[PDB]
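Fold and geometry: a report
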Amino acid sequence: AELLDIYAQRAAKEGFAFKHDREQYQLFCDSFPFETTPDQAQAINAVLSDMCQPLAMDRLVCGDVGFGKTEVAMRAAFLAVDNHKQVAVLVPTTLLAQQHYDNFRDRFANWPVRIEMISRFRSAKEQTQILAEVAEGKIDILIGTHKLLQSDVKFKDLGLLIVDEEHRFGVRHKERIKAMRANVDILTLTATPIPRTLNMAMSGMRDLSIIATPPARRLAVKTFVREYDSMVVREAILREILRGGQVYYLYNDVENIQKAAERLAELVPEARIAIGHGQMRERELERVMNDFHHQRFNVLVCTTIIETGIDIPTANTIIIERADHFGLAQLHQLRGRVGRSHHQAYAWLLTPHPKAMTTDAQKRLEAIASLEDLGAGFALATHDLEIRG
DNA sequence: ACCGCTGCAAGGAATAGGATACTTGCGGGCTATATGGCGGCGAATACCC
RNA sequence: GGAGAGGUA
DNA sequence: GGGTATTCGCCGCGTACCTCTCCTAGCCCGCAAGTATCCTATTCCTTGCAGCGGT
Ligand SMILES: Nc1ncnc2c1ncn2[C@@H]1O[C@H](COP(=O)(O)OP(=O)(O)O)[C@@H](O)[C@H]1O
Ligand code: BEF
């Protein structure tokens, strides 16, 4: 009955056709100072052909982290601004939202087009101005979190929508963003699908694509599943400090993180530490993110806001503290978030007492330890299927 | 004497764990179709006048 | 209490 | 009617003792036990409205 309200098998849509100029797109390729992997090229060809088709997309590009997936979005946005179709981008954070903001600014500091962000960082006074500008269409590239899906943003011609890290998103988020215009091209970027989406990809009802081709210098990431030792963490911190890198410290607490920062400072007097949590006024958060870009302090304690990831090649090691309750997707994503460089990264994993571990925690840890190699996220997602169900 | 700010609830994503509705085999409690034995004898038909 | 089987004189 | 033959069915078949076993069938409804499921918590994130210093 619900579908009979639409009077179609999800088929009342006619879609849209994009026009691409081969020379213009080739010029944008020239503005990209890199060479894409063959599977990245295949994904580019598939997405460009699909948008050239007069139908709307729902395409999964589920490849492992560190495979330059974002550049596919960069080129999609370039072809969107070629048509001037008011592209919007969604990510469930502010850190990676800022990362995408600056990346798009870099991609379009040569191409005349307007890129901006709308999130908690912006004041409402300028949020209203952003909404007015996107109502008149003077803005083409917007980056922001769920503020857009609050029945407040107005688009003269909403023609392209982008979503990153489909995981951690509840249902009806995609429906709320779809409600505005049916024939918009949906580009679903992600690192790992949740079981339902992966099963639907298997069904073939949604377009799917995989990029099993890592960059040249992306060597593996070492992993070490160890019991709670206060010395391995210190010596690994020193190992990366002598290397000249940044350590990602995970503890997953917003109360004892304060004490833990000074505790690990006493453990490692050589370490310069900043304190990070999502319950902060965000001014010092962006300031210390800038500091991290400058690597003035080495090791950062943080909650799961780090999961989205703005990894710098300088960072080459992650030490966690809680290893009893974390999903396999998160484990693999934070494993692969490190790197983007020629240098061998590391992933030091700290576990509390083995007998305090429940059976499922043992299964998760043994599974993540069993597999350690490139192109491991997709197979890990397949294994997570039949586990989470 | 008006305002933008902080802060304090309401609703999304990840784990453990008891309650409790659901399913099942029973134990006692109850109700309701033959075929290898003769002999004697008296009554009951059959019969053919 | 009643049936069935075997046995003794 | 009547004297007769033929058939049908009922009646009957020793006394005393010892050992052993087994004695209605089937349905049905309460009921004990065992279980899969559903609601109950914890941790993270991003909103929406009421106080509130400050001027
Ligand atoms: N084929 C390649 N060769 C060398 N470096 C690459 C290649 N593809 C991507 N990179 C680099 O690796 C980084 C990966 O970042 P990102 O696009 O966020 O990857 P992912 O989205 O998979 O995490 C990019 O910033 C880019 O500079
Ligand atoms: F979206 Be990614 F993994 F940078």
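Let us look at the structure shown here. (Residues numbered from 1 in each chain as written, not as in the entry; some residues may be left out. Chains lettered and ligands numbered in written order. Part of a larger assembly, values for the part shown. Heavy atoms only, no water. Residues with missing side-chain atoms left out of burial classes, pairs and counts.)

Quick notes on the overall build of chain A
Note the threshold: Strands are runs of DSSP state E lasting at least two residues, helices are runs of H or I lasting at least four, and both sets are numbered from the N terminus onward. In this description the radius of gyration comes from C-alpha coordinates, and the expected globular size is given by 2.2 Å times residues to the power 0.38. Contact definition: two residues touch when any of their heavy atoms are within 4.5 Å.
Looking only at helices and strands, one finds 14 helices and 13 strands in chain A. In terms of overall dimensions, chain A is globule-like: its C-alpha atoms have a radius of gyration of 22 Å, near the 21 Å expected for 389 residues. On the principal axes, the C-alpha backbone points of chain A span a range of 60 × 45 × 40 Å. Taking contacts inside chain A between residues at least 6 apart in sequence as the whole, the part at least 24 apart equals 83%.

Focus: the site of ligand 1
Note the threshold: What makes a residue near a molecule or strand is one non-hydrogen atom of that residue sitting within 4 Å of it. We call two N or O atoms a polar contact when they sit within 3.5 Å, provided that within protein one can donate a hydrogen and the other can accept it, with sequence-adjacent residues counted only if both atoms are side-chain atoms. Here the open area of atoms and residues is found with the Shrake-Rupley method and a 1.4 Å probe, where only the protein chains shown may cover a residue. Charged means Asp, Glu, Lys or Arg here, nonpolar means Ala, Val, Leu, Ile, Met, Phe, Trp, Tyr, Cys or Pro, and polar covers whatever is left, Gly included.
Lining the immediate environment of ligand 1, one finds 13 residues, of which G66, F67, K69, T70 and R340 sit closest. Within the backbone of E35, one N or O atom sits 3.1 Å away from a nitrogen atom of ligand 1. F67 places a polar main-chain atom, nitrogen or oxygen, 3.0 Å from an oxygen atom of ligand 1. When the free accessible area of ligand 1 is taken as 570 Å², the share hidden by the protein chains comes to 74%. Its residues assigned to classes, the shell around ligand 1 shows 4 nonpolar, 5 polar and 4 charged.

Examining the protein's contact with DNA strand D
Residues in close proximity to DNA strand D include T93, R120, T145, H146, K147, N252, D253, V254, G278, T303, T304 and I305, which together make up its full environment. A distance of 2.7 Å is found between a phosphate oxygen of DNA strand D and a side-chain nitrogen or oxygen belonging to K147. Between DNA strand D and the protein, one listed contact pairs a phosphate oxygen with a backbone N or O atom of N252 at 2.9 Å.

Side note on the packing of aromatic side chains
Rule in force here: Centre distance within 6.5 Å is the pairing criterion for rings of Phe, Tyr and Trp, where only the six-membered ring of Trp is used; planes under 30 degrees apart are then read as stacked, over 60 as edge-to-face, and the remainder as tilted. Accessibility here uses a 1.4 Å probe with only protein chains present; expressed as a share of the type maximum, an area under 20% marks a residue as buried, one over 50% as exposed, and anything in between as partly exposed. We call a charge positioned over a ring when the NZ of a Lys or the CZ of an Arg lies within 6 Å of the ring centre and within 35 degrees of the ring normal.
Here the structure, examined in full by the defined rule, presents 12 aromatic pairs. A ring pair is formed by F32 and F34, whose centres lie 5.7 Å apart and whose planes are at 35°; its orientation type is tilted. Judged by centre distance (6.4 Å) and plane angle (25°), the rings of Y346 and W348 are stacked. Both residues of the pair, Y346 and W348, count as buried. Members of the aromatic cluster, connected to one another through ring pairs, are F28, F78, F104, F108 and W111. One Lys or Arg, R105, reaches over the ring of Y101 and ends 4.3 Å from the middle of that ring.

Some points on the nonpolar core
For clarity, the cut-off: Residues grouped as a nonpolar core are buried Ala, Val, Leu, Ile, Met, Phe, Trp, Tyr and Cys residues, joined through side-chain atoms within 4.5 Å.
Counting 60 residues, the largest nonpolar core has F104 and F108 as its most contacted members. It is helix α4 (residues 69-83) that provides the largest number of residues to this core, a total of 9 residues. With near-sequence residues (within four places) excluded, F108 lies in contact with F28, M74, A77, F78, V113, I115 and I141. Counting 20 residues, the second-largest nonpolar core is a separate cluster that includes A236, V268, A271 and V299.

Remarks on the environment of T128
Locating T128 in the fold gives a position in helix α6 (residues 124-136). On the accessibility criterion, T128 (53% relative accessible area) is exposed. Sequence-wise, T128 and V153 are 25 residues apart; in three dimensions their C-alpha atoms are separated by 9.0 Å.

With respect to the sheet that holds strand β9 (residues 246-250)
Operational definition: At least two DSSP bridges between two strands are required for those strands to pair. Only the stretch in contact is used when fitting a helix axis, every axis being a line fitted to C-alpha atoms; angles between N-to-C directions are given from 0 to 180 degrees.
Strand order in the open sheet made by the 6 strands is β8-β13-β12-β9-β11-β10, with parallel pairing throughout. Each edge of the sheet is formed by a strand with only one pairing partner; in this case those strands are β8 (221-227) and β10 (273-275). In this sheet, adjacent strand axes meet at a mean angle of 15° when their direction is disregarded. Pairing of β9 with strand β12 (residues 315-320) involves 5 bridges; the strand directions are parallel. Note on β12: the bridge partner recorded for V247 is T317.

Section: α4
Our working rule: Between the first and last residue of a helix there are one fewer steps than residues, each counted as 1.5 Å, and that sum is the expected span.
Along its 15 residues, α4 runs 22 Å from first to last C-alpha, staying within 8% of the 21 Å computed at 1.5 Å per residue. With respect to burial, α4 is a largely interior element, 12 of its 15 residues being buried. For α4, the full list of buried residues reads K69, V72, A73, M74, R75, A76, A77, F78, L79, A80, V81 and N83. The first or second residue beyond α4 is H84, which carries a positive phi of 55°.

Remarks on the sheet that holds strand β3 (residues 115-118)
Across the sheet, which stays open at both edges, the 7 strands sit in the order β3-β4-β2-β5-β6-β1-β7 with parallel pairing between neighbours. The open sheet has two edge strands with one neighbour each: β3 and β7 (207-208). Note: strand β5 (residues 160-163) against strand β6 (residues 185-188), 4 bridges, orientation parallel. Along β6, the bridge assignment pairs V163 with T188. Where helix α3 (residues 38-52) meets the sheet, it contacts β1 (58-60), β6 and β7, and its direction lies at approximately 175° from that of β1.

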